[PDB]
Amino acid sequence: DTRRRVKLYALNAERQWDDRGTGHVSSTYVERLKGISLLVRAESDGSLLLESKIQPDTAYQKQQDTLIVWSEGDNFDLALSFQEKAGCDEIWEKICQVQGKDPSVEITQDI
């Protein structure tokens, strides 16, 4: 499959986006996180590269149709880079459903 194929980037101390690996993204409820979460499974070894709860108030930003970019904590910035816009749209729609947004928005919070 390629529709959900992604690269995970993380911003480092030197403010470079570090390539953390290629994988496939999905969403599901994760009990230990108590909410719908984004999961990325690594192409390399099938491990979870990402397991990130969709908080209700996180500002997710869609950039260039194929990037979903957000702050995961203090000094912790992440980006999902999608191979396909169609896949980006699916995950964006799910984020918007969880937060209660119109999926035509390009950022899920004001400011």
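Quick note: we count residues from 1 along the sequence shown, nothing fancier.
Participant: Determine, for stretches 30 to 38 and 46 to 54, which one has the higher mean CA B-factor as deposited.
Facilitator: According to the PDB entry, the answer is 30 to 38.
Participant: Per the record, averaged over C-alpha atoms, which has the higher B-factor: 10 to 18 or 93 to 101?
Facilitator: Result of the comparison: 10 to 18.
Participant: By the recorded C-alpha temperature factor, relative to the other modelled residues in its chain, which third is residue 82 in?
Facilitator: Within its chain, residue 82 is a lowest-third residue by C-alpha B-factor, going by the deposited values.
Participant: Within this chain, which third does the Cα B-factor at residue 70 fall in: lowest, middle or highest?
Facilitator: For residue 70, the deposited C-alpha B-factor lands in the middle third.
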